[PDB]
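Participant: Structure: model21.pdb, PDB, N, CA and C atoms.
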```
MODEL        1
ATOM      1  N   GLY P 127     145.382  82.918 140.926  1.00  0.00           N
ATOM      2  CA  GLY P 127     144.374  83.301 139.954  1.00  0.00           C
ATOM      3  C   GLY P 127     144.232  84.809 139.940  1.00  0.00           C
ATOM      4  N   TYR P 128     143.630  85.328 138.884  1.00  0.00           N
ATOM      5  CA  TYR P 128     143.438  86.774 138.788  1.00  0.00           C
ATOM      6  C   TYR P 128     142.232  87.095 137.926  1.00  0.00           C
ATOM      7  N   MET P 129     141.603  88.223 138.246  1.00  0.00           N
ATOM      8  CA  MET P 129     140.492  88.767 137.465  1.00  0.00           C
ATOM      9  C   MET P 129     140.647  90.264 137.418  1.00  0.00           C
ATOM     10  N   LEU P 130     140.484  90.864 136.247  1.00  0.00           N
ATOM     11  CA  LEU P 130     140.640  92.311 136.189  1.00  0.00           C
ATOM     12  C   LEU P 130     139.924  92.856 134.978  1.00  0.00           C
ATOM     13  N   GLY P 131     139.679  94.154 135.009  1.00  0.00           N
ATOM     14  CA  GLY P 131     139.029  94.788 133.882  1.00  0.00           C
ATOM     15  C   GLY P 131     139.124  96.287 133.979  1.00  0.00           C
ATOM     16  N   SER P 132     138.921  96.933 132.839  1.00  0.00           N
ATOM     17  CA  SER P 132     139.051  98.383 132.743  1.00  0.00           C
ATOM     18  C   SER P 132     138.081  98.876 131.702  1.00  0.00           C
TER      19      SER P 132
ATOM     20  N   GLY V 127     138.791  96.379 128.547  1.00  0.00           N
ATOM     21  CA  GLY V 127     138.553  94.946 128.432  1.00  0.00           C
ATOM     22  C   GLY V 127     138.580  94.230 129.769  1.00  0.00           C
ATOM     23  N   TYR V 128     138.691  92.909 129.721  1.00  0.00           N
ATOM     24  CA  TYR V 128     138.583  92.076 130.903  1.00  0.00           C
ATOM     25  C   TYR V 128     139.513  90.881 130.733  1.00  0.00           C
ATOM     26  N   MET V 129     139.966  90.329 131.851  1.00  0.00           N
ATOM     27  CA  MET V 129     140.878  89.188 131.860  1.00  0.00           C
ATOM     28  C   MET V 129     140.603  88.313 133.067  1.00  0.00           C
ATOM     29  N   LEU V 130     140.655  86.999 132.873  1.00  0.00           N
ATOM     30  CA  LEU V 130     140.518  86.012 133.948  1.00  0.00           C
ATOM     31  C   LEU V 130     141.613  84.972 133.731  1.00  0.00           C
ATOM     32  N   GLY V 131     142.387  84.695 134.771  1.00  0.00           N
ATOM     33  CA  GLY V 131     143.399  83.658 134.723  1.00  0.00           C
ATOM     34  C   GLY V 131     143.150  82.692 135.861  1.00  0.00           C
ATOM     35  N   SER V 132     143.305  81.409 135.561  1.00  0.00           N
ATOM     36  CA  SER V 132     143.046  80.362 136.540  1.00  0.00           C
ATOM     37  C   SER V 132     144.011  79.215 136.368  1.00  0.00           C
TER      38      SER V 132
ATOM     39  N   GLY L 127     144.678  78.325 132.710  1.00  0.00           N
ATOM     40  CA  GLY L 127     143.671  78.708 131.738  1.00  0.00           C
ATOM     41  C   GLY L 127     143.528  80.216 131.724  1.00  0.00           C
ATOM     42  N   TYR L 128     142.926  80.735 130.668  1.00  0.00           N
ATOM     43  CA  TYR L 128     142.734  82.181 130.572  1.00  0.00           C
ATOM     44  C   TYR L 128     141.529  82.502 129.710  1.00  0.00           C
ATOM     45  N   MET L 129     140.899  83.629 130.031  1.00  0.00           N
ATOM     46  CA  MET L 129     139.788  84.173 129.249  1.00  0.00           C
ATOM     47  C   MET L 129     139.943  85.671 129.202  1.00  0.00           C
ATOM     48  N   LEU L 130     139.781  86.271 128.031  1.00  0.00           N
ATOM     49  CA  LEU L 130     139.937  87.718 127.973  1.00  0.00           C
ATOM     50  C   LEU L 130     139.221  88.262 126.762  1.00  0.00           C
ATOM     51  N   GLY L 131     138.975  89.561 126.793  1.00  0.00           N
ATOM     52  CA  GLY L 131     138.326  90.195 125.666  1.00  0.00           C
ATOM     53  C   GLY L 131     138.421  91.694 125.763  1.00  0.00           C
ATOM     54  N   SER L 132     138.218  92.340 124.623  1.00  0.00           N
ATOM     55  CA  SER L 132     138.348  93.790 124.527  1.00  0.00           C
ATOM     56  C   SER L 132     137.377  94.282 123.486  1.00  0.00           C
TER      57      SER L 132
ATOM     58  N   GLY W 127     145.980  99.473 122.852  1.00  0.00           N
ATOM     59  CA  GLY W 127     145.806  98.766 124.107  1.00  0.00           C
ATOM     60  C   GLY W 127     146.433  97.391 124.004  1.00  0.00           C
ATOM     61  N   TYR W 128     146.670  96.771 125.147  1.00  0.00           N
ATOM     62  CA  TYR W 128     147.265  95.436 125.148  1.00  0.00           C
ATOM     63  C   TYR W 128     146.861  94.674 126.395  1.00  0.00           C
ATOM     64  N   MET W 129     146.790  93.353 126.241  1.00  0.00           N
ATOM     65  CA  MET W 129     146.533  92.434 127.350  1.00  0.00           C
ATOM     66  C   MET W 129     147.398  91.216 127.153  1.00  0.00           C
ATOM     67  N   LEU W 130     148.059  90.753 128.205  1.00  0.00           N
ATOM     68  CA  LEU W 130     148.904  89.581 128.023  1.00  0.00           C
ATOM     69  C   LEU W 130     149.132  88.903 129.352  1.00  0.00           C
ATOM     70  N   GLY W 131     149.560  87.654 129.277  1.00  0.00           N
ATOM     71  CA  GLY W 131     149.846  86.920 130.491  1.00  0.00           C
ATOM     72  C   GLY W 131     150.605  85.656 130.189  1.00  0.00           C
ATOM     73  N   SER W 132     151.244  85.130 131.225  1.00  0.00           N
ATOM     74  CA  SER W 132     152.087  83.947 131.088  1.00  0.00           C
ATOM     75  C   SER W 132     152.022  83.170 132.377  1.00  0.00           C
TER      76      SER W 132
ATOM     77  N   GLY B 127     151.984  81.451 126.987  1.00  0.00           N
ATOM     78  CA  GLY B 127     151.156  82.591 127.357  1.00  0.00           C
ATOM     79  C   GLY B 127     150.264  83.071 126.226  1.00  0.00           C
ATOM     80  N   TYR B 128     149.729  84.274 126.376  1.00  0.00           N
ATOM     81  CA  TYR B 128     148.743  84.807 125.456  1.00  0.00           C
ATOM     82  C   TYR B 128     148.948  86.314 125.354  1.00  0.00           C
ATOM     83  N   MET B 129     148.555  86.882 124.222  1.00  0.00           N
ATOM     84  CA  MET B 129     148.696  88.313 123.961  1.00  0.00           C
ATOM     85  C   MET B 129     147.552  88.798 123.094  1.00  0.00           C
ATOM     86  N   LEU B 130     147.036  89.984 123.398  1.00  0.00           N
ATOM     87  CA  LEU B 130     145.999  90.649 122.604  1.00  0.00           C
ATOM     88  C   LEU B 130     146.425  92.107 122.457  1.00  0.00           C
ATOM     89  N   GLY B 131     146.444  92.602 121.227  1.00  0.00           N
ATOM     90  CA  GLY B 131     146.737  93.997 120.963  1.00  0.00           C
ATOM     91  C   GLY B 131     145.597  94.581 120.158  1.00  0.00           C
ATOM     92  N   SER B 132     145.220  95.803 120.511  1.00  0.00           N
ATOM     93  CA  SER B 132     144.102  96.472 119.862  1.00  0.00           C
ATOM     94  C   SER B 132     144.357  97.954 119.742  1.00  0.00           C
TER      95      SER B 132
ATOM     96  N   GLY U 127     152.688  86.044 135.203  1.00  0.00           N
ATOM     97  CA  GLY U 127     151.860  87.184 135.572  1.00  0.00           C
ATOM     98  C   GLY U 127     150.968  87.664 134.442  1.00  0.00           C
ATOM     99  N   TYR U 128     150.433  88.868 134.592  1.00  0.00           N
ATOM    100  CA  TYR U 128     149.447  89.401 133.672  1.00  0.00           C
ATOM    101  C   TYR U 128     149.652  90.908 133.570  1.00  0.00           C
ATOM    102  N   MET U 129     149.259  91.476 132.438  1.00  0.00           N
ATOM    103  CA  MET U 129     149.400  92.906 132.177  1.00  0.00           C
ATOM    104  C   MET U 129     148.256  93.391 131.310  1.00  0.00           C
ATOM    105  N   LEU U 130     147.740  94.577 131.614  1.00  0.00           N
ATOM    106  CA  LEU U 130     146.703  95.242 130.820  1.00  0.00           C
ATOM    107  C   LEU U 130     147.129  96.700 130.673  1.00  0.00           C
ATOM    108  N   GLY U 131     147.148  97.195 129.443  1.00  0.00           N
ATOM    109  CA  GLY U 131     147.440  98.590 129.179  1.00  0.00           C
ATOM    110  C   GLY U 131     146.301  99.175 128.374  1.00  0.00           C
ATOM    111  N   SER U 132     145.924 100.397 128.727  1.00  0.00           N
ATOM    112  CA  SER U 132     144.805 101.065 128.078  1.00  0.00           C
ATOM    113  C   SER U 132     145.060 102.547 127.958  1.00  0.00           C
TER     114      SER U 132
ATOM    115  N   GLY C 127     139.495 100.972 136.763  1.00  0.00           N
ATOM    116  CA  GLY C 127     139.257  99.540 136.648  1.00  0.00           C
ATOM    117  C   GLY C 127     139.284  98.823 137.985  1.00  0.00           C
ATOM    118  N   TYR C 128     139.395  97.502 137.937  1.00  0.00           N
ATOM    119  CA  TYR C 128     139.287  96.669 139.119  1.00  0.00           C
ATOM    120  C   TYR C 128     140.217  95.474 138.949  1.00  0.00           C
ATOM    121  N   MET C 129     140.670  94.922 140.067  1.00  0.00           N
ATOM    122  CA  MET C 129     141.581  93.781 140.076  1.00  0.00           C
ATOM    123  C   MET C 129     141.307  92.906 141.283  1.00  0.00           C
ATOM    124  N   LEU C 130     141.358  91.592 141.089  1.00  0.00           N
ATOM    125  CA  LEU C 130     141.221  90.605 142.164  1.00  0.00           C
ATOM    126  C   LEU C 130     142.317  89.565 141.947  1.00  0.00           C
ATOM    127  N   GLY C 131     143.091  89.288 142.987  1.00  0.00           N
ATOM    128  CA  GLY C 131     144.103  88.251 142.939  1.00  0.00           C
ATOM    129  C   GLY C 131     143.854  87.285 144.077  1.00  0.00           C
ATOM    130  N   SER C 132     144.009  86.002 143.777  1.00  0.00           N
ATOM    131  CA  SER C 132     143.750  84.956 144.756  1.00  0.00           C
ATOM    132  C   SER C 132     144.714  83.809 144.584  1.00  0.00           C
TER     133      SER C 132
ATOM    134  N   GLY X 127     146.684 104.066 131.068  1.00  0.00           N
ATOM    135  CA  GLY X 127     146.509 103.359 132.323  1.00  0.00           C
ATOM    136  C   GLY X 127     147.137 101.984 132.220  1.00  0.00           C
ATOM    137  N   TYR X 128     147.374 101.365 133.363  1.00  0.00           N
ATOM    138  CA  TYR X 128     147.968 100.029 133.364  1.00  0.00           C
ATOM    139  C   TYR X 128     147.565  99.267 134.611  1.00  0.00           C
ATOM    140  N   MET X 129     147.494  97.947 134.457  1.00  0.00           N
ATOM    141  CA  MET X 129     147.237  97.027 135.566  1.00  0.00           C
ATOM    142  C   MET X 129     148.102  95.810 135.369  1.00  0.00           C
ATOM    143  N   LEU X 130     148.763  95.346 136.421  1.00  0.00           N
ATOM    144  CA  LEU X 130     149.608  94.174 136.239  1.00  0.00           C
ATOM    145  C   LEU X 130     149.835  93.496 137.568  1.00  0.00           C
ATOM    146  N   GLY X 131     150.263  92.248 137.492  1.00  0.00           N
ATOM    147  CA  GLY X 131     150.550  91.514 138.707  1.00  0.00           C
ATOM    148  C   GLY X 131     151.308  90.249 138.405  1.00  0.00           C
ATOM    149  N   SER X 132     151.947  89.723 139.441  1.00  0.00           N
ATOM    150  CA  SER X 132     152.791  88.540 139.304  1.00  0.00           C
ATOM    151  C   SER X 132     152.726  87.763 140.593  1.00  0.00           C
TER     152      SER X 132
ENDMDL
END
```
Represent the structure from my file as structure tokens, please.

Facilitator:
Amino acid sequence: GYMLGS
Amino acid sequence: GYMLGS
Amino acid sequence: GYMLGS
Amino acid sequence: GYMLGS
Amino acid sequence: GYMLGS
Amino acid sequence: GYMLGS
Amino acid sequence: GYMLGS
Amino acid sequence: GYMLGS
């Protein structure tokens, strides 16, 4: 799984 | 932005 | 599954 | 900008 | 998969 | 995988 | 930005 | 900028 943001 | 993968 | 937005 | 996944 | 371009 | 470009 | 992988 | 993972 992955979670990311910018 | 943002991203979620599951 | 995936969720994302910008 | 771009967001993608597979 | 999925793709978003902005 | 996943990719985000900004 | 930020990233979490699991 | 960029963020990615596999």

Participant: Per DSSP on the backbone, filter chain C down to the residues in strand (DSSP E) and report them as number ranges by chain.

Facilitator: C: 128-131

Participant: Please evaluate the PyMOL selection byres ((chain P and resi 127) around 5) against the displayed coordinates and give the resulting residues as a ChimeraX atom specification.

Facilitator: /P:128-129 /V:131-132 /C:131-132

Participant: Could you tell me how far atom N of residue 130 of chain L sits from atom C of residue 130 of chain C, in Å to one decimal place?

Facilitator: 14.5 Å

Participant: Set up a box along x, y and z of the file covering all listed atoms of segment 128-131 of chain P, add 6 Å on every one of the six sides, and write the centre and edge lengths in Å to one decimal, as JSON.

Facilitator:
```
{"center_x": 141.3, "center_y": 90.8, "center_z": 136.4, "size_x": 16.6, "size_y": 23.0, "size_z": 17.0}
```
